[PDB]
2 protein chains.
Amino acid sequence: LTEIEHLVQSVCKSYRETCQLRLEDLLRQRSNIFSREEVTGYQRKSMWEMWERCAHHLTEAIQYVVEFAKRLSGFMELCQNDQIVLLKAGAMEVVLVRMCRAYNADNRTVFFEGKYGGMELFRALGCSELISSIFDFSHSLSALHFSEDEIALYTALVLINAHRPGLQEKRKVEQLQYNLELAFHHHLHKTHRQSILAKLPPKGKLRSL
Amino acid sequence: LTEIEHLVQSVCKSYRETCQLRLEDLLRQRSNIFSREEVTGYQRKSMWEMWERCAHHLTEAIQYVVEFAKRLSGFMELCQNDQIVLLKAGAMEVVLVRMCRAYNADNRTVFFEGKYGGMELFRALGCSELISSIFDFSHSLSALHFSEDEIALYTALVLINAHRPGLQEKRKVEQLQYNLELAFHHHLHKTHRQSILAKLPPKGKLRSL
Ligand SMILES: COc1nc2ccc([C@@](O)(c3ccc(C(F)(F)F)nc3)c3cncn3C)cc2c(Cl)c1Cc1ccc(-n2cccn2)cc1
Ligand SMILES: COc1nc2ccc([C@@](O)(c3ccc(C(F)(F)F)nc3)c3cncn3C)cc2c(Cl)c1Cc1ccc(-n2cccn2)cc1
């Protein structure tokens, strides 16, 4: 048990050190909503200006997820190729999961570049259905009321997936995965939160949306 | 006249050396249309996989545009800051103009990753309005039947624009711009193609769409 409970600890600690934006900081800024003047400024930008801003933010978020993977006990031991495949396959899946921390379901806003704004903040993109899916996915995830410890373990499971294609040493990913799934269960039962397992999004929904 | 005509030559030669994809190779591949199986494969990908694909292709195209600017006589002489502002302001405008070369208006398809596909190739993006704009813009530009020499001069004009905000040494951009506009006119007149000037897209349309 001290084995599993130490895995839960190092996973959470690794998440703490790589969460990029602390939860308490995002909640303290909730009342800081973008004004209409500021929304129009975003809407007046060009399609390339908004596409490039979001690409930058996502690329920077992936780096933090790379560090999260680096500090998962056992991930560094996996072969180089398996490290690339797992990251390229699930890094952005973890970023989108992390994005729900920046989402406020009370008013349906998201933290972005200093303040909270709705979907209309991203109109210049021309990706209203994509953005709608991101808001909708975050809204459905917010209804789980994830703790930071639950996001730490859940995101680690999203990353360490033995089924990804291209994995050469599957069985050594299977081991690192089962330990994480069991750690997930131990922490959930010790906090009376096992009822959210049947509510998590399917492995497939994380992507196509 | 040998002064203007040599500017037309070095601009076209610079375009030739930086066109990335040669026109003859794009035309030779027009009959190579994506099959339905291959279209579904693109439509089954994840939102992040397609966004990541397109982002990579666009970034790589910008690099070629950077080289096109480097070889425009006088551009290197401009100050460092003015080089950054001009490129950041018009590099993607030149990429989108160049994209019409990969567009076939006979069947409304575009070359992408080895074959020609319609707008339904990008459905997984969730950016139907944006993509619709790239197709519509390319279709309107295809009706001009640009020669490669005309794209060389026109794109150089799109890049060298004295009106861009942030330009410190405007008058030295004005000089390099006037020479290019006059070169544009000389080549169009000597080829009886001056009638396309009244048909070019406005300076603003190149962006927001
Ligand atoms: C709703 O649309 C978005 N919402 C976002 C909300 C937060 C952040 C975030 O990166 C951030 C960090 C720091 C600051 C700063 F600087 F202000 F503090 N601002 C923002 C952040 C904070 N915690 C985690 N993340 C990731 C970025 C967002 C982005 Cl990029 C978009 C656009 C977008 C999203 C997804 C795809 N996509 C394409 C394919 C799949 N998905 C495309 C575009
Ligand atoms: C219609 O949608 C697209 N059509 C494209 C057609 C061609 C290419 C191209 O880069 C290329 C090169 C090599 C190969 C390969 F691999 F086959 F050789 N394939 C393709 C290319 C060839 N000549 C010039 N270019 C640029 C890329 C395309 C892209 Cl990215 C899109 C998506 C898209 C378009 C625009 C924005 N955007 C965001 C803000 C504003 N605009 C976003 C996404």
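Structure determination for this PDB entry is given in the record as X-ray crystallography, at a resolution of 2.6500 Å.

Participant: Now, about the interface of chain A and chain B: what can you tell me, with residues and values included?
Facilitator: Counting residues at the interface gives 24 residues for chain A, matched by 23 residues for chain B. In total, chain A and chain B occlude about 1900 Å² of area from one another, counting both sides; carbon and sulfur atoms represent 68% of this. Taken as a group, A:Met47, A:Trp48 and A:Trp51 account for 34% of the area that chain A buries against chain B, more than any other trio of residues on that side. Between the two partners, chain A and chain B, sit 2 salt bridges. The partner of B:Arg207 in a salt bridge is A:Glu49, with the nearest N and O atoms 3.8 Å apart. Summed over the shared surface of chain A and chain B, the result is 6 residue pairs in polar contact. Among the secondary structure elements, those contributing two or more residues to the side of chain A that touches chain B are α4 (47–70), α5 (80–99) and α6 (128–142) of chain A.

Participant: Account for the sheet that holds strand β1 (residues 103–104) of chain B, with residues named and values stated.
Facilitator: Within the open sheet, the 3 strands sit side by side as β1-β2-β3 (chain B). Their pairing is antiparallel. Unpaired on one side and paired on the other, β1 and β3 (115–117) of chain B mark the two borders of the sheet.

Participant: So what's going on with the site of ligand 1? Which residues, and what values?
Facilitator: Close to ligand 1 lie 21 residues, the nearest being A:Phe111, A:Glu113, A:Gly114, A:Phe122 and A:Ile134. Backbone polar atom of A:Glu113 to a nitrogen atom of ligand 1: 3.0 Å apart, as the coordinates give it. For ligand 1, whose free accessible area comes to 810 Å², the fraction covered by protein is 92%. Going through the elements one at a time, α4, α5, β2 (109–112) and α6 of chain A together with α4 (47–70) of chain B are the ones with two or more residues in the shell around ligand 1. Element by element, the count of residues in the shell around ligand 1 is highest for α4(A), at 4 residues. Looking at the shell around ligand 1 residue by residue, the class counts come to 17 nonpolar, 3 polar and 1 charged.

Participant: Before we move on, can you summarise the relation of the copies chain A and chain B with the specific residues and values?
Facilitator: Aligned on chain B, chain A shows an RMSD of 0.2 Å; the corresponding rotation is 178° and the shift along the axis is 0.3 Å. Accordingly, the operation relating the two chain copies is best matched by a two-fold axis. It is A:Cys127 whose C-alpha, among those of chain A, lies nearest the rotation axis, at 2.1 Å. Comparing contact sets, 96% of the residues at the interface of chain A also lie at the interface in chain B, consistent with an isologous, same-surface contact.

Participant: Tell me about the site of ligand 2, and name the residues and values.
Facilitator: Taken together, 18 residues sit near ligand 2, with B:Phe111, B:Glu113, B:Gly114, B:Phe122 and B:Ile134 positioned nearest. Bordering ligand 2 are residues originating from chains A and B. The backbone of B:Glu113 places a nitrogen or oxygen atom 3.1 Å from a nitrogen atom of ligand 2. In isolation ligand 2 has 810 Å² of accessible area, and contact with the protein removes 92% of it. Where the shell around ligand 2 is concerned, the elements lending two or more residues are α4 of chain A together with α4, α5 (80–99), β2 (109–112) and α6 (128–142) of chain B. Classifying every residue of the shell around ligand 2 by side-chain character gives 15 nonpolar, 2 polar and 1 charged.

Participant: Which residues make up the sheet that holds β2(A), and what values do they have?
Facilitator: Residues and elements named next belong to chain A. Across the sheet, which stays open at both edges, the 3 strands sit in the order β1-β2-β3 with antiparallel pairing between neighbours. Bordering the open sheet on either side are β1 (103–104) and β3 (115–117), each of which pairs with just one other strand. Of the strand pairs in this sheet, β1 and β2 are connected by 2 bridges, and their pairing is antiparallel. Along β2, the bridge assignment pairs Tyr103 with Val110.

Participant: Report on helix α3 (residues 36–44) of chain B, specifying residues and quantitative values.
Facilitator: What sets the pattern is the α-helix's 3.6 residues per turn: residues three or four places apart point alike. Residue and element names in this part refer to chain B. Residues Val39, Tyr42 and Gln43 constitute the buried set of α3. End-on view of α3: buried residues confined to an arc of 100°, all on one side of the axis. Looking at α3, the residues exposed on the side facing more than 90 degrees away from the buried face are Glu37 and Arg44. Those residues of α3 that are buried lie in contact with α4 and β2.

Participant: Would you mind going over the packing of helix α1 (residues 2–16) of chain A against helix α7 (residues 148–159) of chain A in detail, with residue names and values included?
Facilitator: Two quantities define a packed helix pair, namely the angle between the axes and the distance from one axis to the other. Residue and element names in this part refer to chain A. For the pair α1 and α7, the least separation of the axes is 9 Å and the interaxial angle reads 100°. One finds that α1 runs roughly perpendicular with respect to α7. Residue-level inspection shows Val8, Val11, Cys12 and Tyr15 of α1 in contact with α7, the latter providing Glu148, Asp149, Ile151, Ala152, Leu153, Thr155 and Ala156. For the contact of α1 with α7, the residue count by class is 8 nonpolar, 1 polar and 2 charged.

Participant: I'd like a rundown of the state of the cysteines, residues and numbers included.
Facilitator: For the structure shown, the criterion picks out 1 disulfide over all chains. Disulfide pairing places A:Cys127 opposite B:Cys127 at an S-S distance of 2.0 Å. Residues A:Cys127 and B:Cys127 share a disulfide whose torsion about the S-S bond is about 100°; that sign makes it right-handed. Taken together, the positions of A:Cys127 in the loop between β3 and α6 and B:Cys127 in the loop between β3 and α6 put the pair across two chains. Each member of the pair, A:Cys127 as well as B:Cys127, carries the same accessibility label: buried.

Participant: So, the nonpolar core: which residues are in play, and what are the values?
Facilitator: Membership of the largest hydrophobic core comes to 146 residues, with the highest contact counts inside it found for A:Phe122 and B:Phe122. The residues contacting A:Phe122, other than those within four sequence positions of it, are A:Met50, A:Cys54, A:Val110, A:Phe112, A:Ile131 and A:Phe135.

Participant: Requested: an account of the packing of α4(A) against α5(A), with residues and values cited.
Facilitator: All names here are of chain A. α5 packs onto α4 with a crossing angle of 110° between their chain directions and a minimal axis gap of 9 Å. Between α4 and α5, the angle is such that the two are roughly perpendicular. Between α4, through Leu58, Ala61, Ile62, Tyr64, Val65, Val66, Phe68 and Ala69, and α5, the contact on the second element is made entirely by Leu87, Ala91, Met92, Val94, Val95, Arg98 and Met99. A class-by-class count of the residues in the contact of α4 with α5 yields 14 nonpolar, no polar and 1 charged.

Cut-offs used in this document
- Residues numbered from 1 in each chain as written, not as in the entry; some residues may be left out.
- Chains lettered and ligands numbered in written order.
- Heavy atoms only, no water.
- Contact = heavy atoms within 4.5 Å.
- Buried area = accessible area lost by both parts, 1.4 Å probe.
- Salt bridge = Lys/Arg side-chain N within 4 Å of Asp/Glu carboxyl O.
- Polar contact = N/O pair within 3.5 Å; in protein donor to acceptor, adjacent residues only side chain to side chain.
- Helix = DSSP H or I, 4+ residues; strand = E, 2+ residues; numbered from the N terminus.
- Pairing = 2+ DSSP bridges.
- Near = heavy atom within 4 Å.
- Areas by Shrake-Rupley, 256 points an atom, 1.4 Å probe, with all protein chains shown as cover.
- Nonpolar A, V, L, I, M, F, W, Y, C, P; charged D, E, K, R; others polar.
- Least-squares fit on C-alpha atoms.
- Buried < 20%, exposed > 50% of the residue type's maximum accessible area, 1.4 Å probe, protein only.
- Arc of directions from axis to C-beta.
- Axes fitted to C-alpha atoms, helices over the stretch in contact; angles between N-to-C directions.
- Parallel < 35°, antiparallel > 145°, perpendicular 65-115°, else oblique.
- Disulfide = S-S within 2.5 Å.
- Core = buried A, V, L, I, M, F, W, Y, C linked by side-chain atoms within 4.5 Å.

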